[PDB]
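Reviewing the structure listed below.
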Amino acid sequence: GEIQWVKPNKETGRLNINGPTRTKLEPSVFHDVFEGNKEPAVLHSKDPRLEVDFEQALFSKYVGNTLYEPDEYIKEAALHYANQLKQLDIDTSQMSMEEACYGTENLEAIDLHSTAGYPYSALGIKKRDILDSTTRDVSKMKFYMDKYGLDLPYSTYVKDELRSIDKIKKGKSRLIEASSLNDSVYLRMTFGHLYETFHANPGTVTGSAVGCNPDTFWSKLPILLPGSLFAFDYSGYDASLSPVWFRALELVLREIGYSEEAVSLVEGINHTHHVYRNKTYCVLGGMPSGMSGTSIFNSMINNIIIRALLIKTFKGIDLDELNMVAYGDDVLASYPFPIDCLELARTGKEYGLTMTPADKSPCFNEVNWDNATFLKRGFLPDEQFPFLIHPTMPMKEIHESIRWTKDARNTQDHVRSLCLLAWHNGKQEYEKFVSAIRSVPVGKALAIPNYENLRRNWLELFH
RNA sequence: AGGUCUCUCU
RNA sequence: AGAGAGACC
Ligand SMILES: [Zn+2]
């Protein structure tokens with residue numbers, strides 16, 4: 001991704017997009033009970049903790065673009081993945097606006113508390129005044145579609161969330177690039193059936209884990225991913241995508257039978273305009289963060305990427321022996337023989353991709369079931385039933401979460417959610433967690449799940 | 001203040 | 001179905 005220009009909103013004629021300036025996160029009653037280093041992300045250029053210019057840091061993620069058109073390896077990768085997708089029989093026909101607005105079995109209805117985007121946010125029109133769940137009304141929608149059209153700018157807001165200390169010093173807050181309601185609708189109409197298919201079929205046919213539930217999906221993954229594992233991390237995956245990967249996405253969509261009218265929506269993703277505060281800017285390459293379908297297209301692109309990297313890096317790769325699942329940039333993959341990611345990362349650099357070892361060290365060490373992580377969780381076989389696999393979230397990350405709150409009124413829900421994550425680490429660690437919670441008066445006031453009930457509820461998911 | 005999953009409350 | 005929360009990407 002690369003920013004092509006920046007202009008004042010007077011010159012472009014766009015309405016200003018202002019976002020909140022102060023965090024909703026304050027220390028919780030557990031802030032001193034548990035260790036942690038994270039704090040709310042810098043949200044304002046005048047944050048005292050900054051040690052860099054804020055807006056420079058905000059847009060450094062756009063590292064540039066290298067390739068613009070597919071080479072042989074990317075072509076073969078794209079075609080191999082699309083062929084794999086054929087066995088899913090995706091309905092490449094346009095989904096209805098009513099289905100696209102109000103939802104189906106495998107596609108959530110448009111969230112009515114998520115923003116409407118440009119220009120609706122600026123001119124006060126609310127999503128509640130245009131869509132009605134009881135009515136399944138597309139009347140006003142069709143109007144505002146005709147009124148404001150498509151290819152509207154994405155509205156840029158900084159994300160209010162915890163971040164590590166180095167990321168606060170360095171200004172590295174994350175951005176939400178919220179699509180406009182009209183483009184959500186058009187994208188959900190064009191690809192909603194594909195979204196349905198992916199959501200219902202997390203695994204190694206889609207190559208996607210969007211829609212997975214880790215409590216149950218973890219037990220499938222060692223069977224879906226036989227052989228030797230490989231994985232690695234990206235730095236700034238979304239922002240580092242060169243336009244070649246959106247060309248490659250077009251290859252995939254066409255080969256599984258999408259119309260050229262549908263395939264043509266991809267250039268509107270590759271080339272996007274954003275309003276942040278009082279400025280407009282153009283972005284060439286790079287996936288927009290808050291687009292309808294961001295995770296699914298990131299995940300498909302990743303399937304193209306891993307295949308290409310394999311067949312360009314090594315001789316004799318049989319892509320039919322690759323197994324992988326991606327959630328956006330996060331990837332876990334396997335192959336009958338070990339894969340050297342040091343060499344994959346070298347090839348990745350040529351494509352404009354920055355790939356680093358999965359263990360966060362400087363060396364690409366072996367990835368096995370005992371150290372692999374996906375969606376930040378490890379893999380722990382149950383002591384009683386070793387075919388059942390616990391997704392294990394590090395207590396360190398749960399410790400960081402519980403030290404802060406956005407509304408202390410829901411302390412109960414917050415602690416319960418963390419408990420549903422924490423018990424997978426075992427009885428002793430869980431009871432150490434609960435004891436620490438209860439060492440504090442608000443802690444003795446909470447209904448806290450008992451470990452044996454958690455375990456039994458999880459076992460029952462498999463019967 | 002984008003999605004996915006999970007939980008909670010009418 | 002209506003309101004909320006948390007985690008992850
Ligand atoms: Zn432009």
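Hydrogens, waters and symmetry mates are skipped; everything else that's a heavy atom, side chains included, is used. To find a chain, count down the sequence lines: A is the first, B the second, and so on, and within it residues start at 1.
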note: A/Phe217, atom CZ; B/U4, atom P; distance rounded to Å ~ 16 Å
| field | Ring centers of A/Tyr118, A/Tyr148 separated by less than 6.0 Å | value | no
*asked:* Tell me whether the side-chain N/O atoms of A/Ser292 come closer than 4.0 Å to OP1 or OP2 in B/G3.
replied: no
From CD of A/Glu161 across to P of B/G2 the rounded distance in Å is 12 Å
Among the nucleotides B/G3, C/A7, C/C8, whichever has the atom closest to the side chain of A/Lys376 is C/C8
From the list A/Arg49, A/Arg163, A/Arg403, side chain to side chain donor-acceptor pair (under 3.5 Å) with A/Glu39 holds only for A/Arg49
Ring-ring centroid check A/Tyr451 A/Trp423, cutoff 6.0 Å: yes
Is a salt bridge present between A/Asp233 and A/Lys360, judged by a nitrogen-to-oxygen distance below 4.0 Å? yes
Taking any heavy-atom pair under 4.0 Å as a contact, classify A/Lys159: base, sugar-phosphate, or nothing.
base
The nucleotide from C/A5, C/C9, B/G2 with an atom nearest the side chain of A/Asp329 is C/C9
Expected list for residues 393-403 of chain A near RNA chain C, using heavy atoms below 4.0 Å, is A/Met393, A/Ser401
A/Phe30 CZ to C/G6 P, in whole Å, measures 14 Å
request  = Compute the ring centroids of A/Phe34 and A/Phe433, then answer whether they are less than 6.0 Å apart.
outcome  = yes
query = Would you say the ring centroid of A/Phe59 lies under 6.0 angstrom from that of A/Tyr281?
reply = yes
note: A/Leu25, atom CG; C/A7, atom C1'; distance rounded to Å ~ 14 Å
Winner on side-chain proximity to A/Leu112, out of B/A1, C/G2, B/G3, is C/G2
Tested for side chain to side chain donor-acceptor pair (under 3.5 Å) against A/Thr104, the lone hit among A/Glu99, A/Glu196, A/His199 is A/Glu196
Chi angles and distances behind the salt bridge (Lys or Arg N to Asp or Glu O under 4.0 Å) call for A/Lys61, A/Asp238:
CA-CA 9 Å; A/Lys61 61 175 191 173; A/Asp238 299 32; over 6 Å; no
When rounded to whole Å, the CZ to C1' distance for the pair A/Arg377 and C/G6 reads 11 Å
From CG of A/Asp160 across to P of C/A5 the rounded distance in Å is 13 Å
When rounded to whole Å, the NE2 to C1' distance for the pair A/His274 and B/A1 reads 17 Å
For nucleotides 6-10 of chain B, give me every protein contact, N/O to N/O, under 3.5 Å, one pair per line with atom names.
residue : atom : partner  : partner atom : Å
B/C7    : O2'  : A/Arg416 : NE           : 3.1

Which of C/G6, B/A1, B/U4 is nearest the side chain of A/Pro20? It is B/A1
Testing C/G4, C/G6, B/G3 for proximity to the side chain of A/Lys406, the answer is C/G6
- Might you work through the side-chain hydrogen bond (donor to acceptor under 3.5 Å, both in side chains) test for A/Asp151 and A/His273, ending with a clear yes or no? CA-CA 9 Å; A/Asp151 276 75; A/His273 298 166; over 6 Å; no
Looking at A/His113, does any N or O in its side chain come under 4.0 Å of the phosphate oxygens OP1/OP2 on C/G4?
yes
Output yes when at least one side-chain N/O atom of A/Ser133 is less than 4.0 Å from OP1 or OP2 of C/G2, else no. yes
Do A/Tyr327 and B/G3 share a donor-acceptor pair, side chain to base, under 3.5 Å?
yes
Separation of B/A1 atom P from A/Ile17 atom CD1, nearest Å, is 9 Å
Exactly one of A/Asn106, A/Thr206, A/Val210 clears side chain to side chain contact (heavy atoms under 4.5 Å, CB included) with A/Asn201, and that residue is A/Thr206
Review point. Looking for any heavy atom pair under 4.0 Å, which part of the strands does A/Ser295 touch: base, sugar-phosphate only, or nothing?
Key: base
| said: Just to be sure I understand the rule, does A/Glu108 reach a base, reach only the sugar-phosphate, or reach nothing, if contact means heavy atoms closer than 4.0 Å? | reply: sugar-phosphate
